[PDB]
Structure formats: C-alpha cells, structure tokens
Amino acid sequence: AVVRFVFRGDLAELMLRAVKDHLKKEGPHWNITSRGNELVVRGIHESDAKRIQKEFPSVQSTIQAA
C-alpha cells in the first residue's frame with residue numbers, strides 16, 4: 001500500500017520533517033520520500049498504513065491499497 005501525507009500552512013515543511021523522522025523510526029524498512037508538502041510511504045502493509053494514518057489523524061492523508 002501507499003500512504004501520502006499532505007501538510008498545510010506556514011509550518012508544513014517543519015511538520016513534514018517531524019513526521020518523516022518519526023516514520024523512519026517506526027519503519028526503517030519503509031520507502032519514504034517527500035517533495036514539497038507531500039510525504040509518501042511505500043512498501044507499507046495496508047493495515048500498518050491505516051495505523052500510521054490513525055497515529056497522525058489531523059494530518060490529511062490518503063491510502064492506496066493497490
């Protein structure tokens with residue numbers, strides 16, 4: 001699956017960086033990339049994808065199960 005986080009406002013870059021550092025610790029094996037205000041996690045299990053969405057529930061996110 002794929003999770004995409006979209007960060008908003010004047011702090012978006014710093015919040016992305018915070019979330020990115022956190023997720024690199026949760027899943028050192030996850031393929032994590034970012035550009036602009038979007039953070040993308042690939043190679044994550046669909047159930048783990050709903051978990052990290054639920055961990056940062058106020059960050060807008062999408063999940064692609066395919």
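Numbering starts at 1 and runs along the sequence shown.
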Are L11 and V6 connected in the hydrophobic side-chain network, where two residues link if heavy atoms are under 4.5 Å apart? no

Decide if atom CD of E38 counts as having more than 12 heavy atoms of other residues, nucleotides or ligands within a radius under 6.0 Å. yes

State, yes or no, whether a side-chain contact exists between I52 and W30 at a heavy-atom distance under 4.5 Å. yes

Shortest non-hydrogen separation from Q53 to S61 and the atoms involved: NE2-OG, 2.9 Å

Nearest heavy atoms of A49 and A1, plus distance in Å: CB-CB, 4.4 Å

More than 12 heavy atoms of other residues, nucleotides or ligands under 6.0 Å from NE2 of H22: is that the case? yes

Just so I know, are the side chains of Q64 and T62 near enough to count as touching, which here means a heavy-atom distance under 4.5 Å? no

Which pair of non-hydrogen atoms, one from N37 and one from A12, has the smallest distance, and what is that distance? OD1-CB, 3.4 Å

Which heavy atom of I63 sits nearest a heavy atom of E46, and at what distance? CD1-O, 3.9 Å

Rounded distance [0.5 Å steps], CZ in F7 versus CZ in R17: 12.0 Å

Would a single hydrophobic cluster contain both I32 and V2, if residues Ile, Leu, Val, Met, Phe, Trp and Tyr are joined by side-chain heavy-atom contacts under 4.5 Å? no

So does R51 pair up with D48, basic N to acidic O under 4.0 Å? yes

Just verifying a value: how many Å separate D21 CG and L16 CG, rounded to the nearest 0.5 Å? 9.5 Å

Please determine whether residues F56 and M15 belong to a single hydrophobic cluster, defined as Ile, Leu, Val, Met, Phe, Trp and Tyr linked transitively by side-chain heavy-atom distances below 4.5 Å. yes

Is there a side-chain contact between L23 and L39 (heavy atoms, below 4.5 Å)? yes

Say whether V59 and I44 are linked into one hydrophobic cluster, either directly or through other cluster members, by side-chain heavy-atom distances under 4.5 angstrom. yes

